[PDB]
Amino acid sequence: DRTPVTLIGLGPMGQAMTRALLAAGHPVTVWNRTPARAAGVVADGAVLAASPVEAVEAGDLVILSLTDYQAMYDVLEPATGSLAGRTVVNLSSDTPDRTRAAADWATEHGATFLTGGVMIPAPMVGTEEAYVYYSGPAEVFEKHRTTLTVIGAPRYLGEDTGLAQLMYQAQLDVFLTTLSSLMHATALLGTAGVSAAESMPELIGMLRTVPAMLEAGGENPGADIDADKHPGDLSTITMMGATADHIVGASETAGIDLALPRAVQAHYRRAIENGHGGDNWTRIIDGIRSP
């Protein structure tokens, strides 16, 4: 497939995707707010369009890799007259509802729309470890699937344009929160003179074990939460809530951020007040669903 592709947005992801697409034999026309930044991919075979209009008109497939969806409007507003008959694939972070409204804005300018959420950093783009979530019209996904597969294995979730965005925001909810916690833990160990080079491999060593730990003793949290099975036999909210109290205390004494640990503390405290101290930690999901 040598389908001509347009890609707008040349951050690390944009550049990595351009390169994978070029290497697969697709002519790629790029445009960036900062044209200088295109020099790299242009040396690798990308064609730099002078204008958004020219970039849009070069391909039936327009990929956006921008910081947010406001950026899509900013870049495409001058080109709205040239959208008809093309597919917009937006690979950018934003709210699910912004995304759904953006899909309708594409349709009304005569374009089809697909949502994508890329699940790996730029060096892993186009490798066997790469994967991307997609939602939107099935026929649109199918028409371009072979081209999109170059960036990463697609995981089509269905027709709601909001859905692959919600999945992305859910995944990044885990990922960013985990990262903030790693920095929080590092900070805490830092106050007793432990360096980050010592602390971070300890913390990562533990995180690597987390899938196994969650499965020990034949727990299966998903089905359990669906079934409303929260049995406390191997760990209770009381016992885990206490630890959450201990982390807040240690953090207070360490002079570091209290908001992250107090949020966690509040999940346990809520479940206890609601009378489920004796349940497994999965029960905190009830309080989370109903503030």
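Position 1 is the first residue in the sequence shown; the rest follow in order.
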Mean C-alpha B-factor comparison - 107-115 and 138-146, higher one = 138-146
What stretch has the higher average Cα B-factor here, 57-65 or 238-246?
-> 57-65
Can you tell me which third, lowest, middle or highest, the CA B-factor of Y131 falls into for its chain?
-> middle
Taking the chain's C-alpha temperature factors as the reference, tell me which third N90 falls into: lowest, middle or highest.
-> lowest
Chain thirds by Cα B factor, record data; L179 belongs to the lowest
Is the Cα B-factor recorded for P261 in the lowest, middle or highest third of its chain?
-> lowest
Just say lowest, middle or highest third for the CA B-factor of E159 relative to the other modelled residues in its chain.
-> highest
